[PDB]
Amino acid sequence: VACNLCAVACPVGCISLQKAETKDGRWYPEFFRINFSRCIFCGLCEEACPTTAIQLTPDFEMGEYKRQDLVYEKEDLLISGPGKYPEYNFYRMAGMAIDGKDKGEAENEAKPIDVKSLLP
Amino acid sequence: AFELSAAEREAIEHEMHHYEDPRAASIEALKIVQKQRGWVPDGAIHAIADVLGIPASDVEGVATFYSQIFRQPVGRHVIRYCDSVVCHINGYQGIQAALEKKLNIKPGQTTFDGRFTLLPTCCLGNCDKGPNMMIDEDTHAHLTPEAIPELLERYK
Amino acid sequence: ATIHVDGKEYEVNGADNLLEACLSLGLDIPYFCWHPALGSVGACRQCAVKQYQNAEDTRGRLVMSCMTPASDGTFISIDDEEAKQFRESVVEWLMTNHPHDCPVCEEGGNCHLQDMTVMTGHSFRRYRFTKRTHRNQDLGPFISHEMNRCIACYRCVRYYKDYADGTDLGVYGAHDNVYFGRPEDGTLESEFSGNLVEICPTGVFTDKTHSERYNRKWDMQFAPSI
Amino acid sequence: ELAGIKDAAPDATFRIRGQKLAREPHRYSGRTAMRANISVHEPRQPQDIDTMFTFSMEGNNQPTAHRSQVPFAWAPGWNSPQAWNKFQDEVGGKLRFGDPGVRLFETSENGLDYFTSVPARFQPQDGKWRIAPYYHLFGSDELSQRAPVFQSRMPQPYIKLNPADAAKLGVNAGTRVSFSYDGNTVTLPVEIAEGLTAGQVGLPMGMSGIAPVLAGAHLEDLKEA
Amino acid sequence: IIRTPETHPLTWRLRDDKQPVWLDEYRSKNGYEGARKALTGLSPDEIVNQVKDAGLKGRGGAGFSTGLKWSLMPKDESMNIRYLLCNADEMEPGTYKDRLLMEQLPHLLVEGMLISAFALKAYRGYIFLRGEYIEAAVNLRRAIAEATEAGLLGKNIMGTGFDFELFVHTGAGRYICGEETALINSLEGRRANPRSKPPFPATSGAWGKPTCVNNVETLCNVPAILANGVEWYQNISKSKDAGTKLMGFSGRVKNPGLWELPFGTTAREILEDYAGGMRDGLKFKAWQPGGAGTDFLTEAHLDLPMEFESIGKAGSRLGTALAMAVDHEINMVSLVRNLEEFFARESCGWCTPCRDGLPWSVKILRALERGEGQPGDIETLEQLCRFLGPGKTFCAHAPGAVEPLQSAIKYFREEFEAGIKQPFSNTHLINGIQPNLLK
Ligand SMILES: NC(=O)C1=CN([C@@H]2O[C@H](COP(=O)(O)OP(=O)(O)OC[C@H]3O[C@@H](n4cnc5c(N)ncnc54)[C@H](O)[C@@H]3O)[C@@H](O)[C@H]2O)C=CC1
Ligand SMILES: Cc1cc2nc3c(=O)[nH]c(=O)nc-3n(C[C@H](O)[C@H](O)[C@H](O)COP(=O)(O)O)c2cc1C
Ligand code: SF4
Ligand code: SF4
Ligand code: SF4
Ligand code: SF4
Ligand code: SF4
Ligand code: FES
Ligand code: FES
């Protein structure tokens, strides 16, 4: 959701991202880049993610010929599935309305009562 | 849109004569509009605000603060059953169940013909003669569930 | 004037209240509804401190520091256990209806409600029931509206009406269903409506121009300009 | 006459216990990745020889620091706009060591003479239209009206007409009339202004095509297009 | 019950057919004689001091001295604009005294407001009446018209040069409007949020002017004092509270009603000798002395004189002195759930503890009703009782809201603990994350 918690929790400062929004109101990263020539693979970004989006995976084979190609962008990081956390969805928790989830449709959320309602 | 009639406007000005601040007549202005039209529509807020000389946010806040000023359309008759503690002891719940069974509606909504709107209400000040109900201007006491269809048929 | 906060003597102005006097001395008291430019109304009930009748008093009573004057010879305690529990309880009551919205909220890292939640020491939720929801309005191209995040601190209506003399923003409803905003969707008509983004301690009124290309406060490069 | 601008802010050699003034917060993020799309080699930190500030977090932003220029308000435990409480000597008052900026001139010991040039009354002359300025908080300022977020907030361009003047011109509200100023016949829609005095047309100053130099000037051949 | 003017100053004029008493019948039964005495032979300060040493306390439910409240109006002569407000709201569940007072004796209230406005030098008076007392509003307007026709109201009353205009402000149905500062705000046409005191309404009340707010029963007690003298009033009863209070007993009793009794009358005297005891098949379980806002008391407290001090030291409040009886058939948790639902929906929303903690108590009691309670719920209820006490909220709505909850926990804890069945659970399991099993 491009909340920038992983970028500030990084002690190296090797996460850069910008928040974009869809027409239905869903936050997402416009870009997401990680300098893997700088990353110490400490997992503080995964520890700081409130949506469990960023995840350190059991894979070490990452050697590169040029240092410029160690800057992974969003096309090199975004995978086709949920990874190590298979069921968590942040937008079900959140009270912000996005596509397919209106006000009062989140978990532990009541339906919105208008102030013009006849009930006391 | 909305237009205030001559009688409503005249009554509102006569109410404004009774106070040293015209803002004090907002509750009675909303009551006048509700008495004439059954409820307070959205244009009535701006008409009352223009008449009294106060902002429409103040009028809307007043109309939404009080529970007896209706900002949604209601039925022709407003049933208000008391659900307070003394009427809870005297058995308001059987009366409420009879009202649901006869009207086929939950509290807070209107029947299919727009005849009745059922509403829970605060203590009606008639606790020694409970349980109590209040249709539009008439209060009924000593309620029994067998008397609810007899009471509701006399309001057309 | 002379006050004694937790056994420490301070010289203050007797024409000020205890909240502004203690904040001027660097002492930390949580507060929502009081603003330096608006005054004290005693709404959020958050600024509670324990006041004693004299030096040789142990019982005391919980009073609002924003509503209590900083008169001479005034004995108060901020770090008292009962006052701390009451302030944490106020934050806990505000946290019952608050949406799980901090990552997708433009006030994150700039939020006064977050600061006062952390300062009171409240991080455990024993509330297991539902949270109330509100629909948003369209306030124009500058102010974004998100009424789920409101804590009913009444700062917006106080500033917009009693300070800025605006007419198109108010408070509606009653009990816990209090709604803050315009009677209908439309642009906020005041010329000083953008100060709501800093008057609001939560993320209800936010900068839409900043929300288009958003980044958090720690990620900014600031300069003092004119 | 501009000798006071030296004391508006201290010079570039000003330090707080030896270090400069931080522009960005201490928790500034993405230093090794915000420019990695261009070059993986991190560039040199920009140098600020003009001011006492630095283009990095390597500086001072303490609320008790002896300065008057505060780039942003942050105290530990106060990440909100309420950190200005920590940055003030008393809350809602002045800054801890004085507000920045100085007055260029003091109040003079002697006053001025009375302006005996009293103007005559406005006489509405036929065939000429006096231009009354209308100012907009969204549109009159040039740089502000260049902003794309103002374009929805800018009013649509107009010409204000008195009801008597509009009746004389035979135009209702909304219809488009043309008027020529320095050989530029520009057409605008009519808005009826009851409070505007007769013999005047109202124009939105600072807009696109309507300069603020037009205020107080006259108009010719105003007629319905 | 034999009703004499000396023993029953308020209800001795009541008709047997429950019909209202209009101007001719009221004046035949010694009406407006106290008003005549006060307006002709007495100074306003003399009447204020007379009411002050009569011991007339406020019958609205707080028991403040009415004469002391009258004396706190400023002595400044630039403030010649003054307001007298009659709190005819009566929105407390279990309170029906002012409905009886205004539906059948509106001229008593009119005379009392006339005397009190002469005493307070109040040029205007407003009867803030609720919107559901239609008959009381009709009778009050008719009595005001009758008194205006006979010269008891309007300009130059009784040739004394005193002008008093009395209006009837019909409410729009909120329980917070009975609070006197919220009453002032609702009279001003605003949202009925209360105001912080000091300043009190005596110094700056309605529209910033001096303003005195008094209940219907206090202003009904006033003309008896001004007609029969102070010495008659002090020797009505040998108790610390002077005069007669309208005390009743309601809720599944044989004769629910309302009777004018001297102070110090025991509650068992009201429940048995006047209400006829409980109905057949019902055993007495608890009672509330003065309405919904007061604490529950047990059958051991029935032998207690109904005074402010005696019920105060027993862990409750005298209140409106209209007791309500709870029998064994009614569950205590259901009753407290109903009370808290009323108190939470009648919150004005101004201040955080009531507005955001009364719904929490409502949800907890709803869970305890259907047996969905969890450990820590009763501890949470006790914490809400402690933290919603006097001085912790902006007004006294929430102390009255948490009085029945704390008393029912104190006396009927076995019913509350019977609703706790499931273990506590606030979280759900998230796959891939090990929970922190706190101890
Ligand atoms: N329908 C009813 O009759 C209801 C009655 N109540 C009762 O209302 C009471 C709570 O009401 P409050 O207004 O909070 O009571 P309170 O004790 O704060 O004040 C009551 C009266 O005393 C006056 N007063 C008190 N202290 C004063 C001072 N220091 N200086 C000047 N005037 C002073 C106030 O102006 C007011 O007229 C409770 O006893 C409750 O039982 C509550 C709900 C409904
Ligand atoms: C929440 C709340 C509601 C109240 N409602 C009423 C009411 O409906 N009628 C009334 O006379 N007093 C009510 N009071 C008490 C008033 O504050 C005040 O005591 C009364 O208007 C006048 O006081 P008196 O008894 O000395 O005449 C209420 C108090 C509170 C806190
Ligand atoms: S694992 Fe790498 S990217 Fe993540 S916080 Fe640590 S150094 Fe930064
Ligand atoms: S990866 Fe997680 S922590 Fe980082 S910006 Fe996205 S949602 Fe926030
Ligand atoms: S307003 Fe504050 S507490 Fe609420 S979601 Fe936004 S950042 Fe979080
Ligand atoms: S919208 Fe913001 S400023 Fe207004 S009451 Fe709610 S939290 Fe306070
Ligand atoms: S306790 Fe607070 S929110 Fe509740 S009614 Fe009183 S002022 Fe309003
Ligand atoms: S409790 Fe129902 S009328 Fe009072
Ligand atoms: S800051 Fe004092 S109660 Fe809000």
# chains A, B, ... in the order shown; residues from 1 in each chain; ligands from 1
>>> residues_near_ligand(ligand="ligand 5", cutoff="8 Å", atoms="only C-alpha atoms and all ligand atoms", output="list in words")
residues 98, 99, 100, 101, 102, 103, 104, 105, 106, 107, 108, 109, 110, 111, 112, 113, 114, 149, 150, 201, 202, 203 and 204 of chain C
>>> residues_around(residues="residue 4 in chain E", least_positions_apart="4", cutoff="12 Å", atoms="only C-alpha atoms", output="JSON, numbers by chain")
{"E": [8, 9, 10, 11, 12, 13, 14, 29, 260]}
>>> select_by_dssp(residues="range 3-89 of chain B", states="helix (DSSP H, G or I)", output="PyMOL selection string")
chain B and resi 6-16+22-37+42-52+56-65+85-89
>>> select_by_dssp(residues="chain A", states="strand (DSSP E)", output="PDB file with N, CA and C atoms, in the first residue's frame")
ATOM      1  N   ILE A  15      15.690   1.277   0.141  1.00  0.00           N
ATOM      2  CA  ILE A  15      14.336   1.091  -0.368  1.00  0.00           C
ATOM      3  C   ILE A  15      13.802   2.449  -0.794  1.00  0.00           C
ATOM      4  N   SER A  16      13.354   2.548  -2.044  1.00  0.00           N
ATOM      5  CA  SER A  16      12.775   3.777  -2.569  1.00  0.00           C
ATOM      6  C   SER A  16      11.437   3.460  -3.216  1.00  0.00           C
ATOM      7  N   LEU A  17      10.401   4.203  -2.836  1.00  0.00           N
ATOM      8  CA  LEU A  17       9.075   3.957  -3.379  1.00  0.00           C
ATOM      9  C   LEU A  17       8.275   5.251  -3.380  1.00  0.00           C
ATOM     10  N   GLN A  18       7.221   5.267  -4.192  1.00  0.00           N
ATOM     11  CA  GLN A  18       6.313   6.399  -4.286  1.00  0.00           C
ATOM     12  C   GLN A  18       4.886   5.880  -4.316  1.00  0.00           C
ATOM     13  N   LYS A  19       3.999   6.568  -3.607  1.00  0.00           N
ATOM     14  CA  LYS A  19       2.611   6.147  -3.512  1.00  0.00           C
ATOM     15  C   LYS A  19       1.795   6.668  -4.687  1.00  0.00           C
ATOM     16  N   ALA A  20       1.148   5.753  -5.400  1.00  0.00           N
ATOM     17  CA  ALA A  20       0.117   6.066  -6.370  1.00  0.00           C
ATOM     18  C   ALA A  20      -1.205   5.490  -5.883  1.00  0.00           C
ATOM     19  N   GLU A  21      -2.283   5.930  -6.518  1.00  0.00           N
ATOM     20  CA  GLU A  21      -3.631   5.551  -6.129  1.00  0.00           C
ATOM     21  C   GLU A  21      -4.434   5.182  -7.364  1.00  0.00           C
ATOM     22  N   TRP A  27      -4.411   2.355  -2.457  1.00  0.00           N
ATOM     23  CA  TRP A  27      -3.010   2.752  -2.475  1.00  0.00           C
ATOM     24  C   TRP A  27      -2.142   1.624  -3.013  1.00  0.00           C
ATOM     25  N   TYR A  28      -1.112   1.987  -3.770  1.00  0.00           N
ATOM     26  CA  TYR A  28      -0.146   1.025  -4.278  1.00  0.00           C
ATOM     27  C   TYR A  28       1.147   1.771  -4.579  1.00  0.00           C
ATOM     28  N   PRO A  29       2.271   1.065  -4.730  1.00  0.00           N
ATOM     29  CA  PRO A  29       3.509   1.756  -5.117  1.00  0.00           C
ATOM     30  C   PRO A  29       3.550   2.038  -6.613  1.00  0.00           C
ATOM     31  N   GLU A  30       3.785   3.305  -6.963  1.00  0.00           N
ATOM     32  CA  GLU A  30       4.020   3.658  -8.359  1.00  0.00           C
ATOM     33  C   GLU A  30       5.305   3.020  -8.864  1.00  0.00           C
ATOM     34  N   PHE A  31       6.366   3.099  -8.069  1.00  0.00           N
ATOM     35  CA  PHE A  31       7.563   2.306  -8.286  1.00  0.00           C
ATOM     36  C   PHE A  31       8.037   1.784  -6.940  1.00  0.00           C
ATOM     37  N   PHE A  32       8.834   0.724  -6.996  1.00  0.00           N
ATOM     38  CA  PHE A  32       9.450   0.136  -5.817  1.00  0.00           C
ATOM     39  C   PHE A  32      10.819  -0.356  -6.244  1.00  0.00           C
ATOM     40  N   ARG A  33      11.875   0.230  -5.694  1.00  0.00           N
ATOM     41  CA  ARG A  33      13.220  -0.177  -6.060  1.00  0.00           C
ATOM     42  C   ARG A  33      14.047  -0.433  -4.808  1.00  0.00           C
ATOM     43  N   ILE A  34      14.850  -1.493  -4.867  1.00  0.00           N
ATOM     44  CA  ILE A  34      15.730  -1.900  -3.780  1.00  0.00           C
ATOM     45  C   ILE A  34      17.136  -2.039  -4.338  1.00  0.00           C
ATOM     46  N   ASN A  35      18.093  -1.380  -3.694  1.00  0.00           N
ATOM     47  CA  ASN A  35      19.502  -1.500  -4.049  1.00  0.00           C
ATOM     48  C   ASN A  35      20.060  -2.726  -3.343  1.00  0.00           C
ATOM     49  N   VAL A  71      20.118  -3.175  -8.700  1.00  0.00           N
ATOM     50  CA  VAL A  71      19.005  -2.335  -8.279  1.00  0.00           C
ATOM     51  C   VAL A  71      17.744  -2.958  -8.868  1.00  0.00           C
ATOM     52  N   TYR A  72      17.056  -3.758  -8.062  1.00  0.00           N
ATOM     53  CA  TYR A  72      15.855  -4.442  -8.514  1.00  0.00           C
ATOM     54  C   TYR A  72      14.680  -3.478  -8.463  1.00  0.00           C
TER      55      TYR A  72
END
>>> interface_residues(of="chain E", to="chain C", cutoff="6 Å", atoms="only C-alpha atoms", output="PyMOL selection string")
chain E and resi 345+347-352+355-356+426
>>> residues_around(residues="range 154-160 of chain D", least_positions_apart="3", cutoff="9 Å", atoms="only C-alpha atoms", output="PyMOL selection string")
chain D and resi 132+136-139+145+150-151+174+176-177+187-193+196+200-204+207-208
>>> interface_residues(of="chain A", to="chain E", cutoff="7 Å", atoms="only C-alpha atoms", output="list in words")
residues 84, 85, 86, 87, 88 and 120 of chain A
>>> closest_atom_pairs(of="chain A", to="ligand 4", cutoff="8 Å", atoms="only C-alpha atoms and all ligand atoms", output="JSON lines")
{"residue": "A:1", "atom": "CA", "partner": "ligand 4", "partner_atom_place_in_ligand_line": "7 (S)", "distance": 4.5}
{"residue": "A:2", "atom": "CA", "partner": "ligand 4", "partner_atom_place_in_ligand_line": "5 (S)", "distance": 3.7}
{"residue": "A:3", "atom": "CA", "partner": "ligand 4", "partner_atom_place_in_ligand_line": "8 (Fe)", "distance": 3.8}
{"residue": "A:4", "atom": "CA", "partner": "ligand 4", "partner_atom_place_in_ligand_line": "5 (S)", "distance": 3.9}
{"residue": "A:5", "atom": "CA", "partner": "ligand 4", "partner_atom_place_in_ligand_line": "3 (S)", "distance": 4.3}
{"residue": "A:6", "atom": "CA", "partner": "ligand 4", "partner_atom_place_in_ligand_line": "3 (S)", "distance": 4.1}
{"residue": "A:7", "atom": "CA", "partner": "ligand 4", "partner_atom_place_in_ligand_line": "4 (Fe)", "distance": 6.4}
{"residue": "A:17", "atom": "CA", "partner": "ligand 4", "partner_atom_place_in_ligand_line": "5 (S)", "distance": 7.1}
{"residue": "A:28", "atom": "CA", "partner": "ligand 4", "partner_atom_place_in_ligand_line": "6 (Fe)", "distance": 7.6}
{"residue": "A:29", "atom": "CA", "partner": "ligand 4", "partner_atom_place_in_ligand_line": "6 (Fe)", "distance": 7.1}
{"residue": "A:45", "atom": "CA", "partner": "ligand 4", "partner_atom_place_in_ligand_line": "3 (S)", "distance": 6.4}
{"residue": "A:46", "atom": "CA", "partner": "ligand 4", "partner_atom_place_in_ligand_line": "3 (S)", "distance": 7.2}
{"residue": "A:48", "atom": "CA", "partner": "ligand 4", "partner_atom_place_in_ligand_line": "3 (S)", "distance": 5.6}
{"residue": "A:49", "atom": "CA", "partner": "ligand 4", "partner_atom_place_in_ligand_line": "3 (S)", "distance": 3.6}
{"residue": "A:50", "atom": "CA", "partner": "ligand 4", "partner_atom_place_in_ligand_line": "2 (Fe)", "distance": 5.8}
{"residue": "A:51", "atom": "CA", "partner": "ligand 4", "partner_atom_place_in_ligand_line": "7 (S)", "distance": 5.2}
{"residue": "A:52", "atom": "CA", "partner": "ligand 4", "partner_atom_place_in_ligand_line": "2 (Fe)", "distance": 6.0}
{"residue": "A:53", "atom": "CA", "partner": "ligand 4", "partner_atom_place_in_ligand_line": "1 (S)", "distance": 4.9}
{"residue": "A:54", "atom": "CA", "partner": "ligand 4", "partner_atom_place_in_ligand_line": "1 (S)", "distance": 4.4}
>>> write_last_selection(atoms="N, CA, C and O atoms", output="PDB file, in the first residue's frame")
ATOM      1  N   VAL A   1       0.817  -1.200   0.000  1.00  0.00           N
ATOM      2  CA  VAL A   1       0.000   0.000   0.000  1.00  0.00           C
ATOM      3  C   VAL A   1       0.855   1.256   0.000  1.00  0.00           C
ATOM      4  O   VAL A   1       0.337   2.351   0.239  1.00  0.00           O
ATOM      5  N   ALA A   2       2.158   1.115  -0.263  1.00  0.00           N
ATOM      6  CA  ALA A   2       3.110   2.222  -0.387  1.00  0.00           C
ATOM      7  C   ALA A   2       3.123   3.113   0.852  1.00  0.00           C
ATOM      8  O   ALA A   2       3.073   4.340   0.769  1.00  0.00           O
ATOM      9  N   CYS A   3       3.193   2.477   2.015  1.00  0.00           N
ATOM     10  CA  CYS A   3       3.121   3.184   3.282  1.00  0.00           C
ATOM     11  C   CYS A   3       4.478   3.643   3.798  1.00  0.00           C
ATOM     12  O   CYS A   3       4.527   4.318   4.832  1.00  0.00           O
ATOM     13  N   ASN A   4       5.567   3.273   3.119  1.00  0.00           N
ATOM     14  CA  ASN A   4       6.926   3.763   3.363  1.00  0.00           C
ATOM     15  C   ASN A   4       7.460   3.414   4.748  1.00  0.00           C
ATOM     16  O   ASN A   4       8.378   4.075   5.238  1.00  0.00           O
ATOM     17  N   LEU A   5       6.912   2.395   5.409  1.00  0.00           N
ATOM     18  CA  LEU A   5       7.469   1.971   6.688  1.00  0.00           C
ATOM     19  C   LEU A   5       8.740   1.155   6.513  1.00  0.00           C
ATOM     20  O   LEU A   5       9.659   1.260   7.333  1.00  0.00           O
ATOM     21  N   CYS A   6       8.807   0.339   5.461  1.00  0.00           N
ATOM     22  CA  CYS A   6       9.994  -0.471   5.222  1.00  0.00           C
ATOM     23  C   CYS A   6      11.184   0.380   4.814  1.00  0.00           C
ATOM     24  O   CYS A   6      12.326   0.043   5.143  1.00  0.00           O
ATOM     25  N   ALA A   7      10.938   1.471   4.089  1.00  0.00           N
ATOM     26  CA  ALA A   7      12.025   2.336   3.653  1.00  0.00           C
ATOM     27  C   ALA A   7      12.659   3.075   4.820  1.00  0.00           C
ATOM     28  O   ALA A   7      13.876   3.285   4.830  1.00  0.00           O
ATOM     29  N   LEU A  17      10.401   4.203  -2.836  1.00  0.00           N
ATOM     30  CA  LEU A  17       9.075   3.957  -3.379  1.00  0.00           C
ATOM     31  C   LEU A  17       8.275   5.251  -3.380  1.00  0.00           C
ATOM     32  O   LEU A  17       8.606   6.210  -2.682  1.00  0.00           O
ATOM     33  N   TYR A  28      -1.112   1.987  -3.770  1.00  0.00           N
ATOM     34  CA  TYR A  28      -0.146   1.025  -4.278  1.00  0.00           C
ATOM     35  C   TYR A  28       1.147   1.771  -4.579  1.00  0.00           C
ATOM     36  O   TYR A  28       1.156   3.004  -4.598  1.00  0.00           O
ATOM     37  N   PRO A  29       2.271   1.065  -4.730  1.00  0.00           N
ATOM     38  CA  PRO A  29       3.509   1.756  -5.117  1.00  0.00           C
ATOM     39  C   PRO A  29       3.550   2.038  -6.613  1.00  0.00           C
ATOM     40  O   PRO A  29       3.360   1.138  -7.435  1.00  0.00           O
ATOM     41  N   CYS A  45      12.740  -4.733   7.115  1.00  0.00           N
ATOM     42  CA  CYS A  45      11.652  -4.284   6.253  1.00  0.00           C
ATOM     43  C   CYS A  45      10.467  -5.237   6.312  1.00  0.00           C
ATOM     44  O   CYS A  45       9.313  -4.797   6.338  1.00  0.00           O
ATOM     45  N   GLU A  46      10.731  -6.546   6.317  1.00  0.00           N
ATOM     46  CA  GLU A  46       9.657  -7.514   6.497  1.00  0.00           C
ATOM     47  C   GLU A  46       9.070  -7.431   7.897  1.00  0.00           C
ATOM     48  O   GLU A  46       7.869  -7.655   8.084  1.00  0.00           O
ATOM     49  N   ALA A  48       8.777  -4.663   9.515  1.00  0.00           N
ATOM     50  CA  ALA A  48       8.044  -3.409   9.589  1.00  0.00           C
ATOM     51  C   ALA A  48       6.827  -3.351   8.680  1.00  0.00           C
ATOM     52  O   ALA A  48       6.092  -2.361   8.733  1.00  0.00           O
ATOM     53  N   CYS A  49       6.588  -4.362   7.855  1.00  0.00           N
ATOM     54  CA  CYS A  49       5.473  -4.299   6.921  1.00  0.00           C
ATOM     55  C   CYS A  49       4.165  -4.578   7.646  1.00  0.00           C
ATOM     56  O   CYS A  49       4.007  -5.657   8.223  1.00  0.00           O
ATOM     57  N   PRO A  50       3.208  -3.649   7.635  1.00  0.00           N
ATOM     58  CA  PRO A  50       1.899  -3.915   8.234  1.00  0.00           C
ATOM     59  C   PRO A  50       0.946  -4.658   7.316  1.00  0.00           C
ATOM     60  O   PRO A  50      -0.169  -4.980   7.737  1.00  0.00           O
ATOM     61  N   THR A  51       1.342  -4.919   6.073  1.00  0.00           N
ATOM     62  CA  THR A  51       0.538  -5.698   5.148  1.00  0.00           C
ATOM     63  C   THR A  51       1.196  -7.010   4.759  1.00  0.00           C
ATOM     64  O   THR A  51       0.592  -7.779   4.007  1.00  0.00           O
ATOM     65  N   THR A  52       2.401  -7.288   5.267  1.00  0.00           N
ATOM     66  CA  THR A  52       3.201  -8.473   4.929  1.00  0.00           C
ATOM     67  C   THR A  52       3.419  -8.595   3.423  1.00  0.00           C
ATOM     68  O   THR A  52       3.386  -9.686   2.854  1.00  0.00           O
ATOM     69  N   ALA A  53       3.651  -7.456   2.771  1.00  0.00           N
ATOM     70  CA  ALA A  53       3.912  -7.459   1.337  1.00  0.00           C
ATOM     71  C   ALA A  53       5.372  -7.770   1.043  1.00  0.00           C
ATOM     72  O   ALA A  53       5.677  -8.654   0.237  1.00  0.00           O
ATOM     73  N   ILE A  54       6.284  -7.049   1.681  1.00  0.00           N
ATOM     74  CA  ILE A  54       7.708  -7.283   1.491  1.00  0.00           C
ATOM     75  C   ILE A  54       8.108  -8.511   2.300  1.00  0.00           C
ATOM     76  O   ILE A  54       7.733  -8.654   3.470  1.00  0.00           O
TER      77      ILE A  54
END
>>> closest_atom_pairs(of="chain C", to="chain D", cutoff="7 Å", atoms="only C-alpha atoms", output="tab-separated table")
residue	atom	partner	partner_atom	distance
C:20	CA	D:91	CA	6.2
C:23	CA	D:91	CA	6.8
C:24	CA	D:90	CA	4.5
C:26	CA	D:86	CA	6.9
C:36	CA	D:92	CA	4.9
C:37	CA	D:92	CA	6.6
C:109	CA	D:79	CA	6.4
C:110	CA	D:80	CA	4.5
C:111	CA	D:80	CA	5.3
C:112	CA	D:80	CA	5.1
C:115	CA	D:78	CA	5.9
C:119	CA	D:77	CA	6.8
C:141	CA	D:149	CA	6.8
C:198	CA	D:81	CA	6.4
C:218	CA	D:28	CA	5.3
C:219	CA	D:28	CA	5.1
C:220	CA	D:24	CA	6.1
C:221	CA	D:24	CA	4.4
C:222	CA	D:23	CA	5.2
C:223	CA	D:71	CA	4.6
C:224	CA	D:71	CA	4.5
>>> residues_near_ligand(ligand="ligand 2", cutoff="8 Å", atoms="only C-alpha atoms and all ligand atoms", output="ChimeraX atom specification")
/E:57-66,69,86-92,175-181,183,213-218,395-398,400
>>> residues_around(residues="residue 112 in chain A", least_positions_apart="6", cutoff="7 Å", atoms="only C-alpha atoms", output="list in words")
residues 103 and 104 of chain A; 132, 133, 134 and 135 of chain C
>>> write_last_selection(atoms="N, CA and C atoms", output="PDB file, in the first residue's frame")
ATOM      1  N   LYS A 103     -17.892   0.938   2.871  1.00  0.00           N
ATOM      2  CA  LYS A 103     -17.924   1.236   4.296  1.00  0.00           C
ATOM      3  C   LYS A 103     -18.786   0.226   5.040  1.00  0.00           C
ATOM      4  N   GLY A 104     -18.278  -0.247   6.174  1.00  0.00           N
ATOM      5  CA  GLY A 104     -18.956  -1.258   6.952  1.00  0.00           C
ATOM      6  C   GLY A 104     -18.756  -2.676   6.473  1.00  0.00           C
TER       7      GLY A 104
ATOM      8  N   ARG C 132     -17.691   1.844  14.664  1.00  0.00           N
ATOM      9  CA  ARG C 132     -18.643   2.608  13.873  1.00  0.00           C
ATOM     10  C   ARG C 132     -17.989   3.118  12.597  1.00  0.00           C
ATOM     11  N   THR C 133     -18.804   3.267  11.562  1.00  0.00           N
ATOM     12  CA  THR C 133     -18.334   3.653  10.244  1.00  0.00           C
ATOM     13  C   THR C 133     -19.099   4.884   9.783  1.00  0.00           C
ATOM     14  N   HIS C 134     -18.435   5.713   8.983  1.00  0.00           N
ATOM     15  CA  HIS C 134     -19.049   6.899   8.410  1.00  0.00           C
ATOM     16  C   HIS C 134     -18.675   7.000   6.942  1.00  0.00           C
ATOM     17  N   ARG C 135     -19.599   7.529   6.148  1.00  0.00           N
ATOM     18  CA  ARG C 135     -19.326   7.804   4.748  1.00  0.00           C
ATOM     19  C   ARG C 135     -18.657   9.162   4.600  1.00  0.00           C
TER      20      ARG C 135
END
>>> closest_residue(among="B:46, B:154, B:31, B:106", to="residue 4 in chain B", atoms="only C-alpha atoms")
B:46
>>> residues_around(residues="residue 11 in chain C", least_positions_apart="2", cutoff="9 Å", atoms="only C-alpha atoms", output="NGL selection string")
:C and (1-4 or 9 or 13 or 72)
